[PDB]
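Let me begin by presenting the structure, written as structure tokens, before commenting on it.
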Amino acid sequence: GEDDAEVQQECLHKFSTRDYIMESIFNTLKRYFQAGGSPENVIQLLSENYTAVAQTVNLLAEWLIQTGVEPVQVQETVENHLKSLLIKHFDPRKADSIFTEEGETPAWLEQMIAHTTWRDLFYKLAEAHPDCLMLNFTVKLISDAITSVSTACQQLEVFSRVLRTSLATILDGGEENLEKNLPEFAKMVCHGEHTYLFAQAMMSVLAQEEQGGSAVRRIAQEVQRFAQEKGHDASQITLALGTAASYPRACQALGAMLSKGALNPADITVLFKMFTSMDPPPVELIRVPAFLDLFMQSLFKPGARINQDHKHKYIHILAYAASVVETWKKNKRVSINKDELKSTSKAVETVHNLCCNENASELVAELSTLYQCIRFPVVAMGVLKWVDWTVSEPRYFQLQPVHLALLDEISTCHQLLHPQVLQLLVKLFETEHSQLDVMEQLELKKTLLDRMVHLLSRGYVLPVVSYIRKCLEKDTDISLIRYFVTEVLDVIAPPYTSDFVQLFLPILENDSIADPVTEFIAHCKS
Amino acid sequence: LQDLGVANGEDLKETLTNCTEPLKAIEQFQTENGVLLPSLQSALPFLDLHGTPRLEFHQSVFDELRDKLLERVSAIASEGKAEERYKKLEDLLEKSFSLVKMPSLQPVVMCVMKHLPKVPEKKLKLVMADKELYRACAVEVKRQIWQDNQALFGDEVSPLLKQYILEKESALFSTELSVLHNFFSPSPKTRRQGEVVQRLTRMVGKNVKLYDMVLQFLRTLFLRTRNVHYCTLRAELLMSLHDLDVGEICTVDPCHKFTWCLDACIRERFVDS
């Protein structure tokens, strides 16, 4: 039958309800006027319940602006309200319907994207929807202005172009901006094993270049680390890519160890017999970062399972990894130095014995041999992981901290361990205990600040002051920054290069005392 | 709306009546009475497409922005330099009293009148004249009319005093006898808990002129009735002012200390040493 008796009431519900005149009112009005009936009382029903909420808002908003309160507060409040209503009431089906009625969204979308909050709205909408056509199109086009990983790896050509551009940005990033340039690429590579294998092979071929391919090899190892973080075993990838195929025993042994993410006396025994033979396989073959991290966590956490007949075998293989010089005569190992092996293995043995014994005062007893033996780099790393796991225990500072002293030997005597030590202390500078009060937390923080200022004195100055600026802008109270400046200007000698001033002085604007601060500011601005 | 130069519904129907292009006139009226930000004039069709009318986000921001306006009325009462803050509140009063007739800006203006010690009395006169304003008006608005003229004070204390005598007569004539309790068991502070004298204290607040007014009106009825009820109500009003720790009456009244002593006397029902 005719739908007038029902559809006219459907439209009259939206007419005679409180306050609907300002809308789909045109569509329902057209349906009613084509359906006939009483169109004159429809307009009266629309305007009867017109409460004039809009002019009420005019009065209220212009009165808040009269009050001298910032109108940008009103802008933020309205934007937050409407954006939250959208997110709560967003329908992906209706987004795909907007795509269906026309492929490119009309100018309302291109007007919203000018607003940063709406761009973030589209980001949160589309980062979770890898099949909604409007959302996928918006995220991809905004990337053309996150590139969604599903449309990143949907084909070779898109993945390759975004890969090479992102890798260009990583290489442009030097040694700092990679933290932002690598994940967008790495998570793009870490979605499937075929995009993964293609990427790892391209970086392997690129790494053969002696004009910086070492950095491409570094980035490939980092991507493999991330692929492990996504729970995917790239052991056989590194095997068949590297020189594992040259030695099947080392291949299966190392590959099993990497696939588990743990060691074992069996594969270790295989490598021990190989490097005990007159033809030791390449030392580059075992020199893998995660593998050597397995050595650290076997030899320097409490435990693990260990036999004395294999303890020395683990130690000797790590010494071979850290010591032996193989000279390539066109990729031919012809000279094998093993003369700095026994001392390294002895130091590793003694330091590992101290570390698994769960040492404090006994550390100070044998600190002489320790600072004698931290000169070995691998030993310095082993002690670093040991003191990290001991000190990372919750409330390890209420009971002896001598451990923080040892970094002074490490970072001072090994330049390339500056990034680790600060990247250790960044956790320790965020220590918080309810037992050790905020006073003791601030003492420990100031001690760590003295350590970080010493590490700055060794040349690691850009990331130190950058992180100090960041956590002041966040966490770190003004007292800690003032103590930082006190110790710094008490220790650092002029001249002060502008690369250090550019971050140290515009954060020192908050304070003016520790007077050495006045001298520093006057010298560095003049 | 015309008080500050804005149109009303009759002007809208004039804009529609006898027009060859009523639709464009309606659109022009909508443009003239919209919220004036540049982002909205494009977003209004888009948000209208959802099935959400423009009035709905207007309602949300209406609640939010009048809440902040009331917050800022209280702030400017308590914030800013004195001349500037009172100038701001009086100017906002002149803006807002045109819409006290509307259902939005009554209590905002009532707070503004609450936080000014004195006002041009035309608006206080309208507050008493109109029953809706006579209800919703804040306490100090009523105090200002009473402090400026005693008509409303007498008009409202007469029924309250009639109710007090109603309570006295009804309680004194009640037909219960027991070893358990009688009607003289409550102490005077027990009897002050009734809303009659407490609301009378609210009506007086901390003002001495209204104290003199209640004193005189109780004096007149005590002189005509020969009844101790109005005496008791003066005592209750004084000690309810003391219950609020009203220093404006308690420290200046020589009777306050003595009635406070009499309160303990009545509580024990003896005058101990």
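Bear in mind these aren't lab numbers, they're just calculated from the coordinates by the rules spelled out. Because the Cβ atoms are built from the backbone with ideal geometry, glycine has one as well, and the counts that use them run over all protein chains shown.
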Of all residues in the stretch A:443-470, which are farther than 25 Å from A:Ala493 by Cα and surrounded by fewer than 16 Cβ atoms within 10 Å (Cβ to Cβ)? A:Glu443
With (1) surrounded by 15 or more Cβ atoms within 10 Å (Cβ to Cβ); (2) under 30 Å from B:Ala7 (Cα atoms); (3) of a type in the set (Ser, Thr, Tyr) as the list, and A:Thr105 as the residue in question, which single condition is left unmet? (2)
Residue count, the stretch A:339-357, condition outside any helix (DSSP H, G or I) and either in contact with a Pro (Cβ under 9 Å, 6 or more places away or on another chain) or closer than 16 Å to A:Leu367 by Cα (or both), comes to 1
Residue selected from the stretch A:432-442 under the condition in a helix (DSSP H, G or I) and among the hydrophobic types (A, V, I, L, M, F, W, C), by the criterion surrounded by the most Cβ atoms within 10 Å (Cβ to Cβ): A:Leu442
Taking the stated definitions as given, is A:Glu23 in contact with a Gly (Cβ under 9 Å, 6 or more places away or on another chain) and within 13 Å of chain B (Cβ to nearest Cβ)? yes
Residues within the stretch A:166-194 that are within 18 Å of A:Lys140 (Cα to Cα) and outside any loop (DSSP other than H, G, I, E, B), tallied: 9
Hey, could you check the stretch A:108-128 for residues that are over 23 Å from the mean Cα position of the chain (by Cα) and of a type outside the set (S, T, N, Q) and say which is surrounded by the fewest Cβ atoms within 10 Å (Cβ to Cβ)? A:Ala114
Under the condition of being of a type outside the set (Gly, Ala, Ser) and under 18 Å from A:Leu141 (Cβ atoms), which residue from the stretch A:81-100 is surrounded by the most Cβ atoms within 10 Å (Cβ to Cβ)? A:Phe99
How do the helices (runs of 4 or more DSSP H) wholly within the stretch A:34-99 filter down when requiring 1 or more residues that are of a type in the set (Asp, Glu) and facing chain B (nearest Cβ under 10 Å): which remain? A:53-66, A:71-89
Leading residue by the ranking (farthest from A:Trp63 (Cα to Cα)) among those in the stretch B:83-97 that are buried (at least 16 other Cβ atoms within 10 Å of the Cβ) and within 13 Å of another protein chain (Cβ to nearest Cβ): B:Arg85
Of (1) more than 12 Å from chain A (Cβ to nearest Cβ); (2) surrounded by fewer than 17 Cβ atoms within 10 Å (Cβ to Cβ); (3) part of a helix (DSSP H, G or I), B:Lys101 fails just (3)
Could you check the stretch A:109-138 and list, in sequence order, the residues that are farther than 16 Å from A:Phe90 by Cα, assigned to a helix (DSSP H, G or I) and not charged (D, E, K, R)? A:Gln111, A:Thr116, A:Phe137
So how many residues does the stretch A:474-491 have that are crowded, with 17+ Cβ neighbours inside 10 Å and part of a loop (DSSP other than H, G, I, E, B)? 1
Given (1) surrounded by fewer than 17 Cβ atoms within 10 Å (Cβ to Cβ); (2) in a helix (DSSP H, G or I); (3) within 10 Å of chain A (Cβ to nearest Cβ), where does B:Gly80 come up short, assuming only one miss? (2)
For residues in the stretch B:41-65 being part of a loop (DSSP other than H, G, I, E, B) and facing chain A (nearest Cβ under 7 Å), which is nearest to A:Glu79 (Cα to Cα)? B:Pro53
Could you count how many residues in the stretch A:3-41 are on the phi > 0 side of the Ramachandran plot and acidic (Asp, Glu)? 1
